[PDB]
Every structure is written in structure tokens, then in C-alpha cells.
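Presented below, as C-alpha cells, is a lone chain in the form deposited in one PDB entry.
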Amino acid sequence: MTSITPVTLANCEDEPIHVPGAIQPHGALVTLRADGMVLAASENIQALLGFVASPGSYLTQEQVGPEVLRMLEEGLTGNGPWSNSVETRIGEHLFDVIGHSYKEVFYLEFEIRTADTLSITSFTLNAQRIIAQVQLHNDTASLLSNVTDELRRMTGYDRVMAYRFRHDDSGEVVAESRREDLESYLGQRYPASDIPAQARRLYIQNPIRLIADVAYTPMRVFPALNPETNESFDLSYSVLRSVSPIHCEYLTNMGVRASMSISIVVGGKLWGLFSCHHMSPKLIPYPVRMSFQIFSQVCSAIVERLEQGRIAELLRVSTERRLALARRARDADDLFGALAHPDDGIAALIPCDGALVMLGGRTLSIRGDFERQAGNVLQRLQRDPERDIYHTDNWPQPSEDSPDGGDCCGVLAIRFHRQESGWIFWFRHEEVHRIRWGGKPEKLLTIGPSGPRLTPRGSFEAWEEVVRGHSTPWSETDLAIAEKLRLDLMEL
């Protein structure tokens, strides 16, 4: 046999999950050349479809029937990306046949329709009403909160969570709906490393991902290498694509047996994800998944609009505050009274855990005590004094050699008056300190061979270790506001 790489926690960061060479046993995959010649098929193809797709053969009406052949021929003879489906009866079972093409290869996926058509119609209507009602939401928090409960009410999943991804791709459960006896994961954080770059790519490219059974045994696709090119078949868009063994073990530790997740894509990146988890196997009919795929596209457009609105509104309000303060600084009797004003001062321009004003030897801390942090920052800046703007989200925490210390892990500053040490500072506390007061998801469970990290506790500890000593970073909005404020203060 060829070489094989064992998937372990040390190498899973680069696991080739897009080319597993196997599919979930709830369906069968047929791979076809651009001329319709069968390149490879699944080992269970004879079990599900009752016919053998011998490589090098061509499909016939005796095998897949006329509807599948007409769909396929319309695909092979078409131009550009192809994606279609048809219903057909093969043997006794009714199969949903999904067709698509990728990297010049054509795929046919035979999925048994186990649910009744009446339920499929009702479930489609409910999904379509989500698609319609989601346009009425005024804010993304309301949207995610309402959609999570409506998605659970419709699908009946034991748990539904909405994830929102932060600047570093770390996940956060921002909304939840769950069975009464289930442990709540609301507010849990987990590191970006829990969803490898390849998985994030797949979540961005494919709007819906479904795992019918985590305890499944993959069915192989033979040959594993493409007969024409010595490379594995790229199953990136396959609906039946196998699951990584590590994610299976992770979900297994949580007792999750099935999952379905709906991606939210904004600006070409995975902005959020509705993830539905079930404690027992659960299949969602293909027409309903297609309705959720349209929901994903619509909700992504709505969330993009709502985020653009929220950003524009924050820029408007910030500009109004900035102009009001820039005027008052000249109009007021004292620049400290203006800048340090509890509501109209600089502390209201950038969301911060405190601020400090320094000018002509004068100092004043806002919402805290930051005099020594500013002093140490200046002592560091003295090694590179031409920095009129300074930005850090990872100020080094000092050793126990001093009782006073840099508890403000983040510092942002502006030198508005070089002549008299005119400095403006914004401070933020550790991103762990900003959350630890809310508790932690730490629990103990029966755990598989890979150990405790494949559990929500281990995931949260790994996040805590990643953001340890780091404050929430200054976004491009904050940096823009800071530079604009300096440009305004350059006149004063």
C-alpha cells in the first residue's frame, strides 16, 4: 500500500480533510470524467444502488435511469459551474440525486429520502418563513437570538447555538437554545485552532455541512487516486464528505451524535455559524437543506447590511462626539475639563477600560489609575521617540520585582502636543480578565484516547492560554478615529 499519515493533535492543524477518499455511509458517490466515464465509486454503491459502477464504464438507463442521465448530460455538455438535482427511484428506495462538478470532475450523490414528502413540504415552508421573517430584524443580536430559537423549534435539534467569530477567528456562543437537561455553553470561548484553516475554507465555500452520525464508519472510494492524474479526488463540495477522526472524537466526548451547521459569510469570511447539535443520529432532507442554503445566503446578506449599518452609525456618533470635543477644547476653560469629561471626553470616543491625559507635566487618570503604565510606555518610546502614535495590544506584564505593574495589557496613545509632553492614552484590561468573572465551561467527562483537549473545557483552557496577557485589540475603526483625532488636535 501507499504511505499513510496518522491524524493526531500534533498534525491536525494541516489535515487534508478535503480529500478523505471516503464518504459517510448514508449515501453513495459516483465520480465521472468529463466524457461521462465512471472514474471511481464507493464500496457501498452495490449495497445502496444495486448496480456496480465498474471504473471505465459508462452510466446507462439500466443503472441510474433516464432522469439522472438527462440531468448529467445537461451538466457535462453545459459550460461553467454545474449544480443540479433530481428525484428518482432506484430499486425499492427513492433517491435524491445531487449533481455538481469540481476541477473538471463530475459527481453524483445518491441520498435515500427517508422522510415523508408531507413533512418535507411543511419543513420547507417553515424554513422559507425564516427566510422571510429574518428581513424584519433591526439588529444582529436580535437576529441571532430569534433565529436560534426558530431554527431549534423547526429542526427539533437538541441544541442550537449561534457562533460569532472574533478578529482572531476565536469562537463565541452568542445565542443558544437547548433541551432543558442539556448543559448550557452560552458565552463559551474557544480558539481558532479548533477549526483549522481548511475547515474554515470549506465552511466559507459550502453553505451547509451535515453530519448524520458521528459514530459512523467511512465508506471508501476506489480508486483513491484519480485514474487520469495521480492525485486524490477533491471532494470539497461533496455533501457526503467524510468527517475528520479528531472532530468525531471531539463530538463523541460531548455525546454529540449528529450535527448540522449553517454558515454566515460576510466580506468573504466566515462571520458566524449556526451550529445544531443532536445527541442521536439525525438526517435533514435535501430539499430542506437547500432551503437552509438559501437562508444562509439571505441571512448573510442581511447580516452584512446590518453590520454595515451598525458600523456607519458608530462612525456617525463617533464623528459627532469627536467634533463636539474638538470644539469644546477651544471653547472650554480647560483642556483637561474637555478631554477628561466623563461623557463628552476622549473616554467616550474609543471603548476602553480607562484613559489618561498628560500635558505640560499635568496628569489625570480616567475610570482608573494608569500613571505608571504611561510612564513606562514613555520610557519604552524614548527608544523610538518619533512614534507620534503608539499602539499595543500585548504590553508585557512585569515580573514580581515591583508591586505596581502593567495590568493594562493594551495601550494606545497620541502625542497631540510635542512641545509639552501632550499625550492621550487609552487602556484596556486583559481579554481573559474581561471574561473570567462570568465563569468557565470547565467540567470533566469520560474522554477518548486523544485526551482532555477534545472537550469544551480543554478548548476553553486553550483559548485562555492563547489570549493570556492580551487585551482586546484596537480595530481599524479605533485606529481611524485616533488618527482623525490627532489630525484635528494638530490644529489646536
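For clarity, a rigid core is taken as the largest C-alpha set superposing within 1.5 Å between two forms. Residue numbers run from 1 along the displayed sequence.
Same protein, other form: the form deposited in another entry, not shown, and the subject of what follows.
With the core superposed, a Cα shift of 2 Å or more between this form and the one not shown singles out one residue among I350, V174, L283, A199. Which one is it?
Only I350 moves by 2 Å or more at its C-alpha.
Inspect the rigid-core superposition and answer whether the C-alpha of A215 shifts by 2 angstroms or more between this form and the one not shown.
Result for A215: no, shift under 2 Å.
Aligning on the core only, does the CA of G91 end up 2 angstroms or more away between this form and the one not shown?
Shift of 2 Å or more: no.
Look at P385 and decide if its Cα position differs by 2 Å or more between this form and the one not shown after superposing on the rigid core.
Yes; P385 is a residue whose C-alpha shifts (by 2 Å or more) between this form and the one not shown when the cores are overlaid.
Hey, the CA atoms of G255 and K443 end up closer or farther in the other form than in the shown form, with the change being 3 Å or more?
Closer, not farther.
Answer with closer or farther for the CA-CA spacing of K443 and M279 in the other form compared to the shown form; it moves by 3 Å or more.
Compared with the form shown here, the C-alpha atoms of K443 and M279 sit closer together in the other form, by 3 Å or more.
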